[PDB]
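This report concerns only the one structure given below.
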Amino acid sequence: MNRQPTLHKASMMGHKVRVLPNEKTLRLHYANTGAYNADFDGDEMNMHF
DNA sequence: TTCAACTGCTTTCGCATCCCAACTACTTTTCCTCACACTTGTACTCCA
């Protein structure tokens with residue numbers, strides 16, 4: 001996963017997949033928001049498989 | 001041993017002259033409806 005302005009290497013980390021029903025967006029824990037410089041207000045993140 | 005032009009670089013996704021037409025004219029397409037000049041007898045007397 002990476003938040004797109006990739007300033008440091010902790011903004012591109014390896015997550016484990018958890019497939020959640022009934023949902024239409026990617027869905028992330030709060031403990032990961034400091035490393036991506038992320039606030040949940042319309043930000044997007046790319047998911048490479 | 002220096003002045004002055006030629007020099008590539010600021011970000012990170014996604015957003016975002018020729019033609020046509022107007023109106024009024026004039027004209028052609030033809031088909032239909034009759035007249036205008038010519039002529040022999042007959043009629044009314046004509047001169048024999």
Side-chain angles (χ1 to χ4, degrees):
Chain A
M1 293 295 290
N2 47 352
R3 176 77 183 275
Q4 185 59 42
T6 307
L7 294 174
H8 64 291
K9 68 184 180 68
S11 294
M12 196 168 188
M13 291 185 286
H15 289 272
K16 292 182 68 66
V17 178
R18 174 69 169 86
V19 177
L20 297 172
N22 301 118
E23 293 177 357
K24 289 170 68 69
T25 59
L26 289 167
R27 193 167 282 274
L28 190 70
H29 198 273
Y30 295 111
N32 312 294
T33 199
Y36 293 110
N37 194 2
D39 50 357
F40 300 100
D41 52 356
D43 287 339
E44 300 175 357
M45 287 177 64
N46 302 324
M47 175 172 75
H48 304 269
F49 182 57

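Each chain gets a letter, A, B and so on, in the order the sequences are listed, and its residues count up from 1. Values reported hereafter were calculated over all heavy atoms of this structure, with side chains retained and with hydrogens, waters and symmetry mates removed.
Under the side chain to side chain donor-acceptor pair (under 3.5 Å) criterion, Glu44(A) pairs with no residue at all, not counting sequence neighbours. For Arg18(A), there are no side chain to side chain donor-acceptor pair (under 3.5 Å) partners, not counting sequence neighbours.
When rounded to the nearest whole Å, the span between CE of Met45(A) and P of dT12(B) equals 18 Å. Look at CG on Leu7(A): it is 11 Å from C1' on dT11(B), rounded to the nearest Å. Atom CD of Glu44(A) is separated from atom P of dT12(B) by 17 Å (rounded to the nearest Å). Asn2(A) places its CG atom 14 Å from the P atom of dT12(B), with the value rounded to the nearest Å. We find that CE of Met12(A) is positioned 14 Å from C1' of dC13(B), with the value rounded to whole Å. Rounded to an integer number of Å, the gap from CG of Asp43(A) to P of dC13(B) is 15 Å. Rounded to an integer number of Å, the gap from CG of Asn46(A) to P of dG14(B) is 8 Å.
Nucleotides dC6(B) and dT2(B), compared at atom P, are 22 Å apart to the nearest Å. Going from the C1' atom of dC46(B) to that of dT42(B) covers 16 Å, rounded to whole Å. Taking the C1' atoms as reference points, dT11(B) lies 15 Å from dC15(B), given to the whole Å.
Both conditions hold for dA37(B) and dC38(B), whose six-membered rings have centres under 5.5 angstrom apart and planes under 30 degrees, so their bases stack. Neighbours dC23(B) and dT24(B) stack on each other, since their six-membered rings have centres under 5.5 Å apart and planes tilted under 30°. Remark: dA21(B) and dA22(B) stack on each other (six-membered ring centres under 5.5 Å, interplanar angle under 30°).
Ring geometry for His15(A) against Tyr36(A) counts as parallel: the plane angle stays under 30°, on a 0 to 90° scale with 60° as the upper cut.
The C1'-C2'-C3'-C4' torsion of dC44(B) is negative. Its sugar is therefore classed as south. North is the pucker assigned to the sugar of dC18(B), its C1'-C2'-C3'-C4' torsion being positive. For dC38(B), the sign convention on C1'-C2'-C3'-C4' gives a north pucker, since the angle is positive. Judged by the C1'-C2'-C3'-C4' torsion, which is positive here, the sugar of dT10(B) sits on the north, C3'-endo side. For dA43(B), the ring torsion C1'-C2'-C3'-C4' comes out negative, which puts the sugar in the south group.
Glycosidic conformation at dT11(B) (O4'-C1'-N9-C4 for purines, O4'-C1'-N1-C2 for pyrimidines): syn, within 90° of 0.
In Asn37(A), the CG atom is not crowded: 12 or fewer heavy atoms of neighbouring residues, nucleotides or ligands sit closer than 6.0 Å.
Between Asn46(A) and the choices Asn2(A), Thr6(A), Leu26(A), the side-chain contact (heavy atoms from CB on, under 4.5 Å) rule is met once, by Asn2(A).
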